[PDB]
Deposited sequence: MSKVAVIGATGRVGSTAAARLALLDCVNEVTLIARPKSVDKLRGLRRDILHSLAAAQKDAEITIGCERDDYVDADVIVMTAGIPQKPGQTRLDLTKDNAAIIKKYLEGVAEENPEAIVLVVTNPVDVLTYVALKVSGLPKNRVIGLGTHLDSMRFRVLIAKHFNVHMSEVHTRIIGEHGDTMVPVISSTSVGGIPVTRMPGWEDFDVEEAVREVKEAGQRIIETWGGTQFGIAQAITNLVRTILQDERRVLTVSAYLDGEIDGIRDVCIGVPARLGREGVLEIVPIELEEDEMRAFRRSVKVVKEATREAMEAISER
């Protein structure tokens, strides 16, 4: 299995590439950046190789800058990225530059979009690549859900892995926390002693702002997004067939909603999205999801016009 990380010189891409190489299911990581960043990629390659020696693990680490260097990858991770609309237009052009026509040379490629705005760009990437709708996903609200898990786990003083929760919708201000799917040890939080003392609304506000707040303090998410990328790639390559909240193309599975890429619970395996789990949302949760799809659809239309 070959995984190509486009934007491997960035904070996100370098850290993702280093953690992906440690996966037993990843036999090659290809580091892709623009031609002028070649020396940075050479240093990163050496450093990743050194981490692999320390971990007594194996991976071939290659570098490149052209379509032929990564088109044949099993998974292509798009982390390259630079006014919200102007940013979307600039990053949509990057998507197109790298992913246009991939389906023709590698119809079996799986693309994971990380570049923001991730829901819009997942749709762009899907359309320009020509790949099947199930083979292009975005990170979406998976990391937002993990950030919500942290806050909940800390409140109940439980191991973070004991908390199961889901946030769906836009990777942004219209994200929808799904309390009806939130549990501590399988126990619905509404039945947990102390859930009354948890300020859900403040937590959601913290999650919505965590990205820019981390950007203004540390300089941007790095280890969290790298581990989330690693978790998704592993789920795919090992064909684990587990449900994760990712930005995926909708074709009528939820509330008849169609023609958009947005964060939803999807079972993922070696062939990509195996199914959009139809999620049993409470009335107010379904309403919020609808408001979120509307925003993402309008933004998606603008980006498609631009390209």
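Mapping the modelled residues onto the deposited sequence reveals missing stretches at 1, 84-89, 315-317.
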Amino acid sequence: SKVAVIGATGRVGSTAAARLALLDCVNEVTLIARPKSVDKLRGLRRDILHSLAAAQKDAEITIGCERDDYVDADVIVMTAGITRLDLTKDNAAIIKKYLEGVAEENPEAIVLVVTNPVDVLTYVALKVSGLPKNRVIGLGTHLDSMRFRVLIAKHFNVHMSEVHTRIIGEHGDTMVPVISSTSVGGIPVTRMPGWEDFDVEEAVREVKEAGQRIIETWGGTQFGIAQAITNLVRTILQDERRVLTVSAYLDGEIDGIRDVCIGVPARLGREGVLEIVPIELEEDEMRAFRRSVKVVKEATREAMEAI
From here on, numbers count along this sequence of modelled residues.
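Note on 40-48 vs 254-262: mean CA B-factor is higher in 254-262. For the pair 274-282 and 22-30, the record assigns the higher mean C-alpha temperature factor to 274-282.
Highest CA B-factor among the listed residues (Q222, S181, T79, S145): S181. Comparing C-alpha B-factors across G194, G138, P117, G169 in the deposited entry, the largest value falls on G194. When the CA B factors of the chain's modelled residues are split into thirds, the value for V150 lands in the lowest one. Among the modelled residues of the chain, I214 sits in the highest third by CA temperature factor in this PDB entry.
Ranked against the other modelled residues of its chain, the C-alpha B-factor of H164 as given in the entry falls in the middle third. Placement of the Cα temperature factor of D74 within the chain: lowest third of the modelled residues, per the deposited record.
Annotation for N106: C-alpha temperature factor in the middle third relative to the rest of the modelled chain, per the entry.
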